[PDB]
There are 2 protein chains.
Amino acid sequence: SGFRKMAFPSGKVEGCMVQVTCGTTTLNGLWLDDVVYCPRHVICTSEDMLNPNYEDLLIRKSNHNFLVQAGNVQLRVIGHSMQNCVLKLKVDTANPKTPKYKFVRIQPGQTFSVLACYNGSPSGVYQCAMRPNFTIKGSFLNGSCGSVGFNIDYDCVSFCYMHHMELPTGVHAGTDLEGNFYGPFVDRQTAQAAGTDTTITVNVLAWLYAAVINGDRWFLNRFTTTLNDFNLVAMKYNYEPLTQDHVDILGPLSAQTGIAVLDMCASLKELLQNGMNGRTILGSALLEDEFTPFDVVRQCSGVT
Amino acid sequence: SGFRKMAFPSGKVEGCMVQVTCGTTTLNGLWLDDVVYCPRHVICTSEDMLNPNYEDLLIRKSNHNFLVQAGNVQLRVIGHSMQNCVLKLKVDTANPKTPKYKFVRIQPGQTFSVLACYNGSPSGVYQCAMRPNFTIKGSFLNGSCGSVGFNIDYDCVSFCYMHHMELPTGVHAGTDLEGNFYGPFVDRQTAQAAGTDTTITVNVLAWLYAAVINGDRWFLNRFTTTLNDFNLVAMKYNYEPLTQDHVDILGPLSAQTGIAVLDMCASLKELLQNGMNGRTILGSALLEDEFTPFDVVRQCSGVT
Ligand SMILES: COC(=O)Nc1sc(C)nc1-c1ccccc1
Ligand SMILES: COC(=O)Nc1sc(C)nc1-c1ccccc1
């Protein structure tokens, strides 16, 4: 019993982190096979970041200008290329700790683990979600760029995020491992305002199922609703519309608990309209939306 | 910027987890040098757990009855002994992945990372605190016993917790790595009620400093207090008494922010008396008490 905000074990990713320095800029790189992936803004000064022309800045860089250090051992850079907003540094040594991996581009509402790193050295691991406005709410200081987000399926690491930017509002933006930003964000120090940070409704419902499984049941009520009626309330409270696809995804949790999805929606509707009245659910005083239905199943079944 | 409930990177501990089976009971063991540490209740049936005589049960066990598997490779058990509530299984092979380590016995209010494991296989990592009633609020299913709690100082793992028990109230009890339970708990399936789960005041104050550093400032007020006056309010709200030792420990955060500890206590007093009024601090609607002053400094400075 018990339900915690749980990250994936980070060892397989720790074995991939390196330091990348270009001139006076040091950040983190991801070493998989004989390629090191890092943000392309490693080539910028903070002055450059105001209005960078990355193709023009990169012309002034040679392989020997990219200093790549794995622990206290230097890697030899034998090529470099820019792909969207990432640099690929070809090294002469395959990472011996390369896990089975994939690059995936996640959808808003999906969760992942971040291995926060500085100078190629892991500092901490925590669980994130891709927000509906394509930001993440991370914990990133100067030097953390190139830290990555990932999911693990048994022995396969699916890398989905690389950290690039903090918005003036202190939320975070980054790319997939093909170097395409999530959302509209760019690797330029300019006005970038985030849109509405809506609540991920299917994730709140998953978490309420988690709560019932783990014995927190006070919020269950005598009511039901419909998707359309629920969605009128979701809209008012800046929750994402619930779709039949979401209802289908919650089927296993419905089955396990015997609480119909629309009955849990009626519980959530009352919690939105009435608040918590100073009560808590799984140790939270607000409705948690950074567990997916798959997260709740995995944690509630003990998947390794 | 940003402040997250962050666990230590878990790789150094992942490299130590093994499966231990005795008869029909499988749980996790910690392999350091040529010793495997596990809960002594590995020798019990669930029937046994009602009234176990561990010395008598252990007489019926031989080295060859303790099946220890590290990944898919079997370890040879060449001795066993009981130390308090843990078994030490002497194996013929030193763990090649043994990190620098220590065994530490933590104080209530101290935080640590848990690597939840099943059948010797890591499932997840999360951050815990030792509660003032010597329970922890974990996420542990059947098979998770022998999962461990730890802190990392650069390259040294300080192991402080091994999981043994879930109380009928769904909170968790365990031992240090010498096999001594935290608090009054025993490895018997019997009536064990936890005492008051008081709030760790010094940790709440650390977290309010974290909030100010990361730009959440609405709760700062025009007031101050004294330790004695604050403590009258702490008592009423089932907060731990704040001591001068705690004030001293918060000195660096006071210095960094320029907010005197007693001024932050007056902010906390008002939050206790007035509640949050539907507002949030670092994404929480309640006062978070599972970050220590050292955690806040570490996360706010990017220690690796
Ligand atoms: C467009 O630039 C390159 O292809 N540069 C070179 S030269 C070399 C010997 N390898 C690369 C290379 C290969 C894979 C990934 C990145 C770089
Ligand atoms: C009290 O029982 C033992 O000392 N048993 C044996 S016999 C052996 C060859 N080693 C041990 C041993 C050594 C260290 C840790 C646990 C066991």
# chains A, B, ... in the order shown; residues from 1 in each chain; ligands from 1
>>> residues_near_ligand(ligand="ligand 1", cutoff="10 Å", atoms="only C-alpha atoms and all ligand atoms", output="NGL selection string")
:A and (34-37 or 63 or 77-83 or 87-92)
>>> write_last_selection(atoms="N, CA and C atoms", output="PDB file, in the first residue's frame")
ATOM      1  N   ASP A  34      28.046   5.766 -30.372  1.00  0.00           N
ATOM      2  CA  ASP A  34      29.200   6.659 -30.593  1.00  0.00           C
ATOM      3  C   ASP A  34      28.707   8.067 -30.922  1.00  0.00           C
ATOM      4  N   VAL A  35      27.549   8.473 -30.414  1.00  0.00           N
ATOM      5  CA  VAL A  35      27.019   9.836 -30.601  1.00  0.00           C
ATOM      6  C   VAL A  35      26.737  10.444 -29.234  1.00  0.00           C
ATOM      7  N   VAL A  36      27.112  11.704 -29.118  1.00  0.00           N
ATOM      8  CA  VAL A  36      26.747  12.538 -27.951  1.00  0.00           C
ATOM      9  C   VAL A  36      25.743  13.580 -28.423  1.00  0.00           C
ATOM     10  N   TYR A  37      24.591  13.638 -27.765  1.00  0.00           N
ATOM     11  CA  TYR A  37      23.503  14.589 -28.085  1.00  0.00           C
ATOM     12  C   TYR A  37      23.485  15.680 -27.038  1.00  0.00           C
ATOM     13  N   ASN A  63      35.382  20.180 -34.723  1.00  0.00           N
ATOM     14  CA  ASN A  63      35.297  19.006 -33.819  1.00  0.00           C
ATOM     15  C   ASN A  63      36.107  19.267 -32.545  1.00  0.00           C
ATOM     16  N   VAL A  77      36.169  13.685 -30.483  1.00  0.00           N
ATOM     17  CA  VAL A  77      35.072  14.105 -31.385  1.00  0.00           C
ATOM     18  C   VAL A  77      35.583  14.016 -32.824  1.00  0.00           C
ATOM     19  N   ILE A  78      34.956  13.151 -33.608  1.00  0.00           N
ATOM     20  CA  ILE A  78      35.365  12.908 -35.023  1.00  0.00           C
ATOM     21  C   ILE A  78      34.333  13.448 -36.003  1.00  0.00           C
ATOM     22  N   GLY A  79      33.242  14.048 -35.535  1.00  0.00           N
ATOM     23  CA  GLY A  79      32.293  14.744 -36.409  1.00  0.00           C
ATOM     24  C   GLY A  79      31.235  15.436 -35.600  1.00  0.00           C
ATOM     25  N   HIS A  80      30.577  16.401 -36.205  1.00  0.00           N
ATOM     26  CA  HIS A  80      29.446  17.068 -35.533  1.00  0.00           C
ATOM     27  C   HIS A  80      28.424  17.468 -36.573  1.00  0.00           C
ATOM     28  N   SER A  81      27.183  17.480 -36.167  1.00  0.00           N
ATOM     29  CA  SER A  81      26.126  17.987 -37.058  1.00  0.00           C
ATOM     30  C   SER A  81      25.034  18.550 -36.183  1.00  0.00           C
ATOM     31  N   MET A  82      24.267  19.449 -36.756  1.00  0.00           N
ATOM     32  CA  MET A  82      23.107  20.060 -36.114  1.00  0.00           C
ATOM     33  C   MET A  82      21.847  19.399 -36.674  1.00  0.00           C
ATOM     34  N   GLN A  83      20.985  18.902 -35.809  1.00  0.00           N
ATOM     35  CA  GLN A  83      19.659  18.349 -36.193  1.00  0.00           C
ATOM     36  C   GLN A  83      18.619  19.141 -35.409  1.00  0.00           C
ATOM     37  N   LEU A  87      22.739  19.300 -31.151  1.00  0.00           N
ATOM     38  CA  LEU A  87      23.964  18.849 -31.818  1.00  0.00           C
ATOM     39  C   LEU A  87      24.218  17.381 -31.542  1.00  0.00           C
ATOM     40  N   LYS A  88      24.663  16.707 -32.585  1.00  0.00           N
ATOM     41  CA  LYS A  88      25.139  15.334 -32.545  1.00  0.00           C
ATOM     42  C   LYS A  88      26.638  15.414 -32.699  1.00  0.00           C
ATOM     43  N   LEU A  89      27.326  14.966 -31.681  1.00  0.00           N
ATOM     44  CA  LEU A  89      28.797  14.894 -31.709  1.00  0.00           C
ATOM     45  C   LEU A  89      29.147  13.435 -31.868  1.00  0.00           C
ATOM     46  N   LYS A  90      29.742  13.099 -33.012  1.00  0.00           N
ATOM     47  CA  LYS A  90      30.243  11.737 -33.297  1.00  0.00           C
ATOM     48  C   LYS A  90      31.572  11.561 -32.559  1.00  0.00           C
ATOM     49  N   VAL A  91      31.676  10.535 -31.712  1.00  0.00           N
ATOM     50  CA  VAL A  91      32.919  10.278 -30.935  1.00  0.00           C
ATOM     51  C   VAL A  91      33.526   8.987 -31.458  1.00  0.00           C
ATOM     52  N   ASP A  92      34.771   8.719 -31.082  1.00  0.00           N
ATOM     53  CA  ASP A  92      35.447   7.527 -31.655  1.00  0.00           C
ATOM     54  C   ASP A  92      35.191   6.285 -30.801  1.00  0.00           C
TER      55      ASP A  92
END
>>> interface_residues(of="chain B", to="chain A", cutoff="8 Å", atoms="only C-alpha atoms", output="PyMOL selection string")
chain B and resi 1-12+14+115+117-118+121-126+137-141+166+170-171+284-286+300-304
>>> select_by_dssp(residues="stretch 132-264 of chain A", states="helix (DSSP H, G or I)", output="JSON, numbers by chain")
{"A": [201, 202, 203, 204, 205, 206, 207, 208, 209, 210, 211, 212, 213, 227, 228, 229, 230, 231, 232, 233, 234, 235, 236, 244, 245, 246, 247, 248, 249, 251, 252, 253, 254, 255, 256, 257, 261, 262, 263, 264]}
>>> residues_around(residues="residue B:146", least_positions_apart="5", cutoff="7 Å", atoms="only C-alpha atoms", output="ChimeraX atom specification")
/B:27-29,38-39,162-164
>>> write_last_selection(atoms="C-alpha atoms", output="short mmCIF file (atom, residue, chain, number, x, y, z; two decimals), in the first residue's frame")
data_model
loop_
_atom_site.label_atom_id
_atom_site.label_comp_id
_atom_site.auth_asym_id
_atom_site.auth_seq_id
_atom_site.Cartn_x
_atom_site.Cartn_y
_atom_site.Cartn_z
CA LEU B 27 12.06 -10.59 -1.15
CA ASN B 28 15.00 -8.26 -1.82
CA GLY B 29 18.50 -8.25 -0.48
CA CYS B 38 17.83 -8.94 4.01
CA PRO B 39 14.91 -8.91 6.46
CA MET B 162 15.51 -1.43 4.95
CA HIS B 163 11.78 -2.09 4.45
CA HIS B 164 10.19 -4.76 6.71
#
>>> closest_residue(among="A:69, A:189, A:95, A:110", to="residue A:45", atoms="only C-alpha atoms")
A:189
>>> residues_around(residues="residue A:54", least_positions_apart="2", cutoff="10 Å", atoms="only C-alpha atoms", output="PyMOL selection string")
chain A and resi 40-41+43-44+48-49+51-52+56-59+82+85+187
>>> select_by_dssp(residues="stretch 144-206 of chain B", states="strand (DSSP E or B)", output="PyMOL selection string")
chain B and resi 148-153+156-166+172-175+181+199
>>> write_last_selection(atoms="N, CA and C atoms", output="PDB file, in the first residue's frame")
ATOM      1  N   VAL B 148      15.614  -0.634   0.057  1.00  0.00           N
ATOM      2  CA  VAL B 148      16.400   0.188   0.986  1.00  0.00           C
ATOM      3  C   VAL B 148      16.224   1.679   0.726  1.00  0.00           C
ATOM      4  N   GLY B 149      16.515   2.429   1.781  1.00  0.00           N
ATOM      5  CA  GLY B 149      16.581   3.888   1.819  1.00  0.00           C
ATOM      6  C   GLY B 149      18.014   4.322   2.015  1.00  0.00           C
ATOM      7  N   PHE B 150      18.357   5.432   1.393  1.00  0.00           N
ATOM      8  CA  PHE B 150      19.758   5.843   1.328  1.00  0.00           C
ATOM      9  C   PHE B 150      19.852   7.342   1.063  1.00  0.00           C
ATOM     10  N   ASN B 151      21.010   7.878   1.391  1.00  0.00           N
ATOM     11  CA  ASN B 151      21.455   9.226   0.974  1.00  0.00           C
ATOM     12  C   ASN B 151      22.773   9.025   0.240  1.00  0.00           C
ATOM     13  N   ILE B 152      23.099   9.927  -0.679  1.00  0.00           N
ATOM     14  CA  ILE B 152      24.421   9.892  -1.359  1.00  0.00           C
ATOM     15  C   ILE B 152      25.130  11.211  -1.064  1.00  0.00           C
ATOM     16  N   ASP B 153      26.387  11.127  -0.615  1.00  0.00           N
ATOM     17  CA  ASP B 153      27.348  12.262  -0.489  1.00  0.00           C
ATOM     18  C   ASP B 153      28.474  12.059  -1.521  1.00  0.00           C
ATOM     19  N   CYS B 156      29.690   8.331  -2.060  1.00  0.00           N
ATOM     20  CA  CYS B 156      29.450   7.460  -0.879  1.00  0.00           C
ATOM     21  C   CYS B 156      27.950   7.307  -0.631  1.00  0.00           C
ATOM     22  N   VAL B 157      27.470   6.067  -0.653  1.00  0.00           N
ATOM     23  CA  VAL B 157      26.057   5.758  -0.297  1.00  0.00           C
ATOM     24  C   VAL B 157      25.968   5.493   1.201  1.00  0.00           C
ATOM     25  N   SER B 158      25.152   6.279   1.890  1.00  0.00           N
ATOM     26  CA  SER B 158      24.786   6.056   3.305  1.00  0.00           C
ATOM     27  C   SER B 158      23.436   5.359   3.352  1.00  0.00           C
ATOM     28  N   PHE B 159      23.449   4.061   3.616  1.00  0.00           N
ATOM     29  CA  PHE B 159      22.192   3.295   3.705  1.00  0.00           C
ATOM     30  C   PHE B 159      21.627   3.506   5.088  1.00  0.00           C
ATOM     31  N   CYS B 160      20.346   3.855   5.157  1.00  0.00           N
ATOM     32  CA  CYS B 160      19.725   4.191   6.453  1.00  0.00           C
ATOM     33  C   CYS B 160      18.459   3.411   6.704  1.00  0.00           C
ATOM     34  N   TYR B 161      17.924   2.687   5.738  1.00  0.00           N
ATOM     35  CA  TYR B 161      16.586   2.077   5.917  1.00  0.00           C
ATOM     36  C   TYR B 161      16.555   0.786   5.109  1.00  0.00           C
ATOM     37  N   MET B 162      15.899  -0.212   5.693  1.00  0.00           N
ATOM     38  CA  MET B 162      15.515  -1.430   4.948  1.00  0.00           C
ATOM     39  C   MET B 162      14.054  -1.701   5.280  1.00  0.00           C
ATOM     40  N   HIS B 163      13.245  -1.948   4.271  1.00  0.00           N
ATOM     41  CA  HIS B 163      11.784  -2.089   4.451  1.00  0.00           C
ATOM     42  C   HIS B 163      11.427  -3.458   5.022  1.00  0.00           C
ATOM     43  N   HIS B 164      10.653  -3.479   6.097  1.00  0.00           N
ATOM     44  CA  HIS B 164      10.188  -4.763   6.713  1.00  0.00           C
ATOM     45  C   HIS B 164       8.666  -4.915   6.739  1.00  0.00           C
ATOM     46  N   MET B 165       7.930  -3.878   7.117  1.00  0.00           N
ATOM     47  CA  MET B 165       6.536  -4.071   7.621  1.00  0.00           C
ATOM     48  C   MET B 165       5.614  -2.989   7.050  1.00  0.00           C
ATOM     49  N   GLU B 166       4.370  -3.366   6.763  1.00  0.00           N
ATOM     50  CA  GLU B 166       3.251  -2.412   6.625  1.00  0.00           C
ATOM     51  C   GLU B 166       2.324  -2.571   7.830  1.00  0.00           C
ATOM     52  N   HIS B 172       4.494   2.523   6.956  1.00  0.00           N
ATOM     53  CA  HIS B 172       5.592   1.547   6.802  1.00  0.00           C
ATOM     54  C   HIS B 172       6.583   1.652   7.946  1.00  0.00           C
ATOM     55  N   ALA B 173       7.149   0.505   8.274  1.00  0.00           N
ATOM     56  CA  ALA B 173       8.157   0.381   9.348  1.00  0.00           C
ATOM     57  C   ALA B 173       9.306  -0.483   8.841  1.00  0.00           C
ATOM     58  N   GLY B 174      10.484  -0.169   9.334  1.00  0.00           N
ATOM     59  CA  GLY B 174      11.676  -0.917   8.955  1.00  0.00           C
ATOM     60  C   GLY B 174      12.808  -0.634   9.871  1.00  0.00           C
ATOM     61  N   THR B 175      13.992  -1.021   9.407  1.00  0.00           N
ATOM     62  CA  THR B 175      15.195  -1.086  10.242  1.00  0.00           C
ATOM     63  C   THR B 175      16.275  -0.247   9.601  1.00  0.00           C
ATOM     64  N   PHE B 181      14.955  -1.875  14.308  1.00  0.00           N
ATOM     65  CA  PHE B 181      13.794  -1.096  13.863  1.00  0.00           C
ATOM     66  C   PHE B 181      13.950   0.358  14.295  1.00  0.00           C
ATOM     67  N   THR B 199       4.093  17.225  12.366  1.00  0.00           N
ATOM     68  CA  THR B 199       4.746  17.879  11.216  1.00  0.00           C
ATOM     69  C   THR B 199       6.171  18.290  11.603  1.00  0.00           C
TER      70      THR B 199
END
>>> residues_around(residues="residue B:204", least_positions_apart="2", cutoff="10 Å", atoms="only C-alpha atoms", output="MDAnalysis selection string")
chainID B and resid 199:202 206:210 239 265 268 286:293
>>> closest_residue(among="B:176, B:229, B:33, B:240", to="ligand 2", atoms="only C-alpha atoms and all ligand atoms")
B:33
>>> closest_residue(among="B:182, B:191, B:20, B:30", to="residue B:168", atoms="only C-alpha atoms")
B:191
>>> closest_residue(among="B:42, B:25, B:134, B:178", to="ligand 2", atoms="only C-alpha atoms and all ligand atoms")
B:178
